[PDB]
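A.B. asks: Dropping the structure in here first, questions after.
Where a number appears in this text, it was derived from the coordinates with a stated rule and is not lab data. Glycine gets a Cβ as well: all are built from the backbone with ideal geometry, and neighbour counts include every protein chain shown.
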Amino acid sequence: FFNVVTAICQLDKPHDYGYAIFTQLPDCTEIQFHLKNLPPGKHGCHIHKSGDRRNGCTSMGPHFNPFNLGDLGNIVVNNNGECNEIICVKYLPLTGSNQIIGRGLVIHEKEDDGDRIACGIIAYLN
Amino acid sequence: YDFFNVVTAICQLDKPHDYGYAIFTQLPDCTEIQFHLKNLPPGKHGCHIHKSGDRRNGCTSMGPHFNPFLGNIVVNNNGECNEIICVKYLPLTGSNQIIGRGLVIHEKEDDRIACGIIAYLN
């Protein structure tokens, strides 16, 4: 595969919870999590509309759902507070008119069947 | 007059400490940049877009100057910068967009004393 777009999100609010790598593959947007210091268990993982974090994770606004699918589903954090799982999401563009680069990745307290316990801006890796 | 479908970006310059933020507004003839910086050394400071949004190693991780193919800001004696500039070619969207990339404040006019990721205000 040439010539891949890669993004990084440091989940560093409200504290250092590590980071995630997004890789725009042709069938798939691959997400490699490298989270740490989190509560163990399932946590809802969502793209949020705004990259603004002036009020912490609250400023990142609502779920990003441009077409009326920023829903990545649940991640699982291990008992040591880490998450190194990998998922691949169809139709999660990094570039172009509905891109998630420049927007927000938020880890939610509750699982998808609540409050925002970790968030970061999705940015170009290079 | 009346601009619709404006794209607006925010950059919080919050490493290595809180130095405020800047707002980018892409207008049809230029990109407006409204600075709201604080706690900085008075004097002129170089201001540049850098290619990477990575800040794992601080502002160093944001890499080299970005090729979209800003000049100096003045910090006052209060340590604040509230000026507005307009940059004729500075896209926030498209393949050469600066959203997702870095804004770095340099201590020398045209070490990185402040940086942030340029994001959708949206």
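A.B. asks: Do any residues in the stretch A:96-124 that are farther than 14 Å from A:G18 by Cβ have Cβ atoms under 7 Å from those of residues that are of a type in the set (F, W, Y) and in a loop (DSSP other than H, G, I, E, B), where the two are at least six apart or on different chains, and which pairs are they?
C.D. replies: The qualifying pairs are A:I100/A:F64; A:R103/A:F64.
A.B. asks: Find the strands (runs of 3 or more DSSP E) located wholly in the stretch B:49-118 whose residues include 2 or more that are within 14 Å of another protein chain (Cβ to nearest Cβ) and closer than 23 Å to A:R54 by Cβ, and list them. Break it down stepwise before answering.
C.D. replies: Values: elements: B:72-75, B:84-87, B:102-106.
Counting at least 2 such residues, we get B:102-106.
A.B. asks: Filter the stretch B:5-15 for residues that are away from chain A (no Cβ under 11 Å) and not β-branched (V, I, T); which is farthest from B:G79 (Cα to Cα)? Write out each step before concluding.
C.D. replies: Kept after step one, since they are away from chain A (no Cβ under 11 Å), are these residues of the stretch B:5-15: B:5-6, B:13.
From the residues that got through so far, the ones that are not β-branched (V, I, T) too are B:5, B:13.
Details: B:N5: 34, B:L13: 14 Å.
This residue is B:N5.
A.B. asks: Return the total of residues in the stretch B:24-75 being more than 12 Å from the chain's Cα centre (by Cα), polar (S, T, N, Q) and within 19 Å of B:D14 (Cβ to Cβ).
C.D. replies: So the count comes out to 5.
A.B. asks: Please identify the pairs in which a residue from the stretch B:52-63 that is at positive phi has its Cβ atom under 7 Å from the Cβ atom of a residue that is not in a loop (DSSP other than H, G, I, E, B), counting only partners at least 6 apart or on another chain.
C.D. replies: B:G58/B:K15; B:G63/B:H50
A.B. asks: Additional query: For the stretch A:16-32, what are the residues that are within 14 Å of another protein chain (Cβ to nearest Cβ) and outside any strand (DSSP E or B)?
C.D. replies: A:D16, A:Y17
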